[PDB]
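Numbers 36 to 62, 65 to 495, taken from the authors' numbering, label the letters of the sequence shown in order. Heads up, the thing below is written out as structure tokens.
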Amino acid sequence: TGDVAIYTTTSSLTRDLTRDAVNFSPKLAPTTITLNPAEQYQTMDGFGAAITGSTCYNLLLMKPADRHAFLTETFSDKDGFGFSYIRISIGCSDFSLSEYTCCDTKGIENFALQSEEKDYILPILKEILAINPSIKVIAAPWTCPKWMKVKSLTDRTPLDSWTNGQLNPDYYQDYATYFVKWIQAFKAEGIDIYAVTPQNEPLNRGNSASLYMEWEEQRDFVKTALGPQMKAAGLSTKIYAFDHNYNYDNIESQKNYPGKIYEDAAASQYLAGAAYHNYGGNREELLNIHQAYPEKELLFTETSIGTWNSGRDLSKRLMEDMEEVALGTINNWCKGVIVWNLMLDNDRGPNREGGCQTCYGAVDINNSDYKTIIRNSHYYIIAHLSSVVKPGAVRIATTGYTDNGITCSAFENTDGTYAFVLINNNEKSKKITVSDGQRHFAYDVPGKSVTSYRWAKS
């Protein structure tokens with residue numbers, strides 16, 4: 036205990052979200070980072086991970102108390118790290134236990150939540166809500182029902198495929214109804230959907246489930262059906278555009294995907310902003326979009342670790358992920374950060390043919406005991422945000438000490454606490470002083486570390 040609460044993680048695991056504390060120093066010093074609460078940037082919604090079918094199946098195979106302890110650690114603000122934003126699929130994802138939608142039988146009248154929601158998703162989200170009742174939930178479809186597809190806008194004949202195709206414009210109003218019924222069926226279970234996107238990775242035709250949707254199609258779906266139908270149903274649910282990569286998969290016509298939709302006033306009126314993933318391109322794109330459309334929101338919604346980037350090796354992952362995913366997106370105006378599967382087993386699953394089969398969880402659980410859990414970089418990068426940066430916090434400017442290896446972000450929470458998150462990507466420890474303009478503290482910041490700080494303003 037003391038004036039300043041600290042969480043520390045080192046890439047060597049000499050520290051592992053280890054708790055510490057210091058008190059304010061009275062009365065002048067070198068290597069000082071100063072918070073300027075007067076210069077305010079975006080307001081923060083939250084941070085967390087995806088609650089997929091696989092994640093739920095793995096949680097549900099644990100002993101109840103063990104499951105509840107893990108969810109508490111993860112999601113409780115007062116007794117854990119306070120993960121504050123989750124992402125789920127509308128119908129299946131590539132980490133569902135099958136390919137399905139909530140209207141597989143032709144006709145929108147047939148709409149219903151399926152066994153995956155009833156048996157896996159809903160019971161897990163209810164336990165999460167019991168722990169953290171204000172958690173934000175964003176959702177997206179991986180595919181529309183198969184009968185709503187055509188092969189292409191050129192060839193408007195049915196495509197009976199979980200992957201590829203485009204949305205038949207004749208079904209835009211019925212697909213919008215699908216979203217409304219889905220949001221409403223979740224609300225009847227006690228779950229508020231905070232936001233949606235129209236389609237996960239709309240420029241991807243592969244995966245185990247997908248639907249190709251160019252910006253012109255998403256513009257039209259939103260302005261003519263999804264926007265108006267959600268508003269008429271009285272939904273506060275926000276809509277984010279895009280939900281794909283920074284480089285737009287190098288498809289010339291689709292560059293500035295969300296910006297092109299914003300320039301249609303009728304579509305733009307329904308759009309909070311844009312969601313991004315980081316599987317291609319450069320995060321500078323976030324600053325480019327923010328500068329072009331500064332009244333539109335940015336959200337970071339998906340990234341992965343796996344066999345392609347030594348995802349289990351924290352000595353290779355922690356620094357880079359905290360830089361690029363966590364503080365790199367937030368310092369480029371993202372209002373939250375959400376990684377992919379919260380939990381997969383040590384066999385990278387369960388998973389789907391055509392989907393990712395080389396992915397690791399934010400944590401991995403051992404499928405011999407459903408007890409032993411190892412945290413991977415994603416769990417740390419999120420917990421380092423969510424433990425100290427609470428919903429409604431405002432990101433604020435910092436000035437003073439920097440060098441190569443030092444990255445930081447500072448915030449002011451609505452409760453009158455400041456929060457500071459600091460990467461020291463240098464082999465050596467650094468005695469850093471942190472000042473809020475009125476009081477200051479100092480701390481021996483370990484090498485190759487992430488440290489998170491929280492303290493009361495005077």
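Note that the Cβ used here is the ideal one computed from N, Cα and C, for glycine as well.
Judged by DSSP secondary structure, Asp-401 falls within the beta strand (DSSP E) whose first and last residues are 400-402. By the neighbour-count criterion, in which a residue is buried when 16 or more other Cβ atoms sit within 10 angstroms of its Cβ, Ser-126 is buried.
Listed in chain order, the non-local C-beta contacts of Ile-411 below 6 Å within the same chain comprise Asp-401, local neighbours out to five positions each way being set aside. Counting along the chain, the unbroken alpha helix (DSSP H) around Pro-265 starts and ends at 264-269. Exclusion of the five residues before and after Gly-296 leaves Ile-326, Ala-329, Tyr-330 as the residues of its chain whose Cβ lies within less than 7 Å of its Cβ. Under the three-state reduction of DSSP, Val-426 is assigned to coil, being neither helix nor strand.
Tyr-283 places its beta carbon 8 Å or farther from that of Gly-310.
With respect to the C-alpha of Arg-349, the residue from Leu-323, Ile-433, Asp-384 having the closest C-alpha is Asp-384. Between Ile-276 and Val-233, the C-beta spacing is below 8 Å.
Excluding residues up to 5 positions away in sequence, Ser-466, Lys-468 lie with their Cβ nearer than 7 Å to the Cβ of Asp-481 in the same chain. Contact annotation: the segment 75-94 touches the segment 363-378, with at least three C-beta pairs closer than 8 Å. Excluding the 5 residues flanking it on each side, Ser-423 has same chain C-beta neighbours closer than 8 Å at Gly-83, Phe-84, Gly-85, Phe-118, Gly-119, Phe-120, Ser-121, in chain order. By the Cβ rule, the segment 97-110 does not count as touching the segment 140-148, because fewer than three pairs are nearer than 8 Å. By the 16-neighbour rule on beta-carbons within 10 angstroms, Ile-220 is buried.
With distances taken between CA atoms, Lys-186 lies nearest to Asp-211 out of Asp-211, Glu-321, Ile-172, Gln-306. Within the segment 265-331, the complete beta strand (DSSP E) segments of 3 residues or longer fall at 275-282, 310-314, listed in chain order. Look at the beta carbons and you see the segment 39-48 touching the segment 349-367: at least three pairs across the two are nearer than 8 Å. Annotation: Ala-303 to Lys-268 spans about 13 Å, alpha carbon to alpha carbon. Counting along the chain, the unbroken beta strand (DSSP E) around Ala-87 starts and ends at 83-87. Distance from the Cα of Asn-237 is smallest, within the candidate group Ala-177, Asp-473, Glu-361, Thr-454, for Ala-177. In this structure, the alpha-carbon of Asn-95 lies about 7 Å from that of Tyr-407. Buried is the label assigned to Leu-248, since at least 16 other Cβ atoms lie within 10 Å of its Cβ. The beta-bridge partner set that DSSP reports for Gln-77 consists of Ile-433.
Taking a cut-off of 8 Å for Cβ pairs, the segment 125-144 and the segment 180-199 touch, as three or more such pairs fall below it. Inclusion of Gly-128 and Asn-244 in the CB contact set at 8 Å is not warranted, their separation being larger than that value. The criterion of a C-beta distance shorter than 8 Å is not satisfied by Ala-312 and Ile-298. Take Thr-409, set aside five residues on each side of it, and the residues of its chain with a beta-carbon closer than 8 Å to its own are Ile-402, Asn-403, in chain order.
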